[PDB]
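File shown: upload-v4.pdb. Contents: PDB, N, CA and C atoms.
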ATOM      1  N   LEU A   1      -5.559  12.173 -11.308  1.00  0.00           N
ATOM      2  CA  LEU A   1      -4.912  13.428 -11.658  1.00  0.00           C
ATOM      3  C   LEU A   1      -3.727  13.134 -12.580  1.00  0.00           C
ATOM      4  N   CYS A   2      -3.759  11.947 -13.179  1.00  0.00           N
ATOM      5  CA  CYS A   2      -2.720  11.461 -14.085  1.00  0.00           C
ATOM      6  C   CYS A   2      -1.410  11.161 -13.355  1.00  0.00           C
ATOM      7  N   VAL A   3      -1.503  10.427 -12.255  1.00  0.00           N
ATOM      8  CA  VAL A   3      -0.320  10.068 -11.492  1.00  0.00           C
ATOM      9  C   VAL A   3      -0.082   8.545 -11.502  1.00  0.00           C
ATOM     10  N   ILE A   4      -0.467   7.839 -10.423  1.00  0.00           N
ATOM     11  CA  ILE A   4      -0.225   6.394 -10.347  1.00  0.00           C
ATOM     12  C   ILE A   4      -1.413   5.623  -9.743  1.00  0.00           C
ATOM     13  N   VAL A   5      -1.665   5.819  -8.455  1.00  0.00           N
ATOM     14  CA  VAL A   5      -2.693   5.048  -7.750  1.00  0.00           C
ATOM     15  C   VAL A   5      -3.923   5.912  -7.439  1.00  0.00           C
ATOM     16  N   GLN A   6      -5.046   5.248  -7.113  1.00  0.00           N
ATOM     17  CA  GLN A   6      -6.316   5.893  -6.783  1.00  0.00           C
ATOM     18  C   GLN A   6      -7.034   6.419  -8.010  1.00  0.00           C
ATOM     19  N   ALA A   7      -8.347   6.522  -7.895  1.00  0.00           N
ATOM     20  CA  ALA A   7      -9.176   7.014  -8.969  1.00  0.00           C
ATOM     21  C   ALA A   7      -9.016   8.513  -9.113  1.00  0.00           C
ATOM     22  N   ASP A   8      -9.037   8.967 -10.335  1.00  0.00           N
ATOM     23  CA  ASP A   8      -8.824  10.359 -10.653  1.00  0.00           C
ATOM     24  C   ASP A   8      -9.492  10.645 -11.980  1.00  0.00           C
ATOM     25  N   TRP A   9     -10.651  11.293 -11.923  1.00  0.00           N
ATOM     26  CA  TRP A   9     -11.466  11.547 -13.115  1.00  0.00           C
ATOM     27  C   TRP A   9     -10.728  12.390 -14.143  1.00  0.00           C
ATOM     28  N   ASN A  10      -9.747  13.134 -13.684  1.00  0.00           N
ATOM     29  CA  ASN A  10      -8.923  13.944 -14.564  1.00  0.00           C
ATOM     30  C   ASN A  10      -8.023  13.037 -15.402  1.00  0.00           C
ATOM     31  N   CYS A  11      -7.615  11.927 -14.791  1.00  0.00           N
ATOM     32  CA  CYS A  11      -6.724  10.943 -15.405  1.00  0.00           C
ATOM     33  C   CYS A  11      -6.326   9.911 -14.347  1.00  0.00           C
ATOM     34  N   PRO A  12      -6.543   8.599 -14.601  1.00  0.00           N
ATOM     35  CA  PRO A  12      -6.224   7.520 -13.644  1.00  0.00           C
ATOM     36  C   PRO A  12      -4.908   7.745 -12.887  1.00  0.00           C
ATOM     37  N   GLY A  13      -4.999   7.779 -11.565  1.00  0.00           N
ATOM     38  CA  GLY A  13      -3.835   8.028 -10.747  1.00  0.00           C
ATOM     39  C   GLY A  13      -3.919   9.362 -10.049  1.00  0.00           C
ATOM     40  N   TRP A  14      -4.245   9.339  -8.777  1.00  0.00           N
ATOM     41  CA  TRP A  14      -4.356  10.549  -7.982  1.00  0.00           C
ATOM     42  C   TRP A  14      -2.992  10.923  -7.425  1.00  0.00           C
ATOM     43  N   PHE A  15      -2.274   9.917  -6.957  1.00  0.00           N
ATOM     44  CA  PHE A  15      -0.949  10.110  -6.400  1.00  0.00           C
ATOM     45  C   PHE A  15      -0.153   8.818  -6.504  1.00  0.00           C
TER      46      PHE A  15
END
As structure tokens, how would this structure be written, given the file I've shared?
Amino acid sequence: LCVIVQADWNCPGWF
């Protein structure tokens, strides 16, 4: 979701 850690298809970084 464009944050920091974890995969996030919206943008690397879920939280």
Around segment 4-7 of chain A, fit a box with edges along x, y and z, padding it by 4 Å on each side, then list its centre and edge lengths in Å to one decimal as lines of an AutoDock Vina configuration file.
center_x = -4.7
center_y = 6.8
center_z = -8.6
size_x = 17.0
size_y = 11.5
size_z = 11.6
Residues near residue 2 of chain A, anyone? I mean within 5 Å using only N, CA and C atoms, not counting same-chain ones fewer than 6 positions away, as a ChimeraX atom specification. /A:10-13
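The space between atom CA of residue 15 of chain A and atom N of residue 1 of chain A spans 7.0 Å.
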Kindly complete chain A to N, CA, C and O atoms; the output should be written as a JSON list (two decimals), in the frame of the given file.
[["chain", "number", "residue", "atom", "x", "y", "z"],
["A", 1, "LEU", "N", -5.56, 12.17, -11.31],
["A", 1, "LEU", "CA", -4.91, 13.43, -11.66],
["A", 1, "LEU", "C", -3.73, 13.13, -12.58],
["A", 1, "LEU", "O", -2.83, 13.95, -12.74],
["A", 2, "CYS", "N", -3.76, 11.95, -13.18],
["A", 2, "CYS", "CA", -2.72, 11.46, -14.08],
["A", 2, "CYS", "C", -1.41, 11.16, -13.36],
["A", 2, "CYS", "O", -0.34, 11.57, -13.79],
["A", 3, "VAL", "N", -1.50, 10.43, -12.26],
["A", 3, "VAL", "CA", -0.32, 10.07, -11.49],
["A", 3, "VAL", "C", -0.08, 8.54, -11.50],
["A", 3, "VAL", "O", 0.42, 8.01, -12.49],
["A", 4, "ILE", "N", -0.47, 7.84, -10.42],
["A", 4, "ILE", "CA", -0.22, 6.39, -10.35],
["A", 4, "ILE", "C", -1.41, 5.62, -9.74],
["A", 4, "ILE", "O", -2.09, 4.88, -10.44],
["A", 5, "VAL", "N", -1.66, 5.82, -8.46],
["A", 5, "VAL", "CA", -2.69, 5.05, -7.75],
["A", 5, "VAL", "C", -3.92, 5.91, -7.44],
["A", 5, "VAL", "O", -3.85, 7.13, -7.49],
["A", 6, "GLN", "N", -5.05, 5.25, -7.11],
["A", 6, "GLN", "CA", -6.32, 5.89, -6.78],
["A", 6, "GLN", "C", -7.03, 6.42, -8.01],
["A", 6, "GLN", "O", -6.42, 6.71, -9.04],
["A", 7, "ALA", "N", -8.35, 6.52, -7.90],
["A", 7, "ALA", "CA", -9.18, 7.01, -8.97],
["A", 7, "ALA", "C", -9.02, 8.51, -9.11],
["A", 7, "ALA", "O", -8.88, 9.24, -8.12],
["A", 8, "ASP", "N", -9.04, 8.97, -10.34],
["A", 8, "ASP", "CA", -8.82, 10.36, -10.65],
["A", 8, "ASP", "C", -9.49, 10.64, -11.98],
["A", 8, "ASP", "O", -8.99, 10.26, -13.03],
["A", 9, "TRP", "N", -10.65, 11.29, -11.92],
["A", 9, "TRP", "CA", -11.47, 11.55, -13.12],
["A", 9, "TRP", "C", -10.73, 12.39, -14.14],
["A", 9, "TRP", "O", -11.06, 12.37, -15.33],
["A", 10, "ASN", "N", -9.75, 13.13, -13.68],
["A", 10, "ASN", "CA", -8.92, 13.94, -14.56],
["A", 10, "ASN", "C", -8.02, 13.04, -15.40],
["A", 10, "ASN", "O", -7.75, 13.32, -16.57],
["A", 11, "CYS", "N", -7.62, 11.93, -14.79],
["A", 11, "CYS", "CA", -6.72, 10.94, -15.40],
["A", 11, "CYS", "C", -6.33, 9.91, -14.35],
["A", 11, "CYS", "O", -5.84, 10.29, -13.30],
["A", 12, "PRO", "N", -6.54, 8.60, -14.60],
["A", 12, "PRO", "CA", -6.22, 7.52, -13.64],
["A", 12, "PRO", "C", -4.91, 7.74, -12.89],
["A", 12, "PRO", "O", -3.84, 7.90, -13.49],
["A", 13, "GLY", "N", -5.00, 7.78, -11.56],
["A", 13, "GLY", "CA", -3.84, 8.03, -10.75],
["A", 13, "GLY", "C", -3.92, 9.36, -10.05],
["A", 13, "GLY", "O", -3.70, 10.39, -10.66],
["A", 14, "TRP", "N", -4.24, 9.34, -8.78],
["A", 14, "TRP", "CA", -4.36, 10.55, -7.98],
["A", 14, "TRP", "C", -2.99, 10.92, -7.42],
["A", 14, "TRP", "O", -2.61, 12.09, -7.41],
["A", 15, "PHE", "N", -2.27, 9.92, -6.96],
["A", 15, "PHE", "CA", -0.95, 10.11, -6.40],
["A", 15, "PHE", "C", -0.15, 8.82, -6.50],
["A", 15, "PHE", "O", -0.57, 7.93, -7.28]]
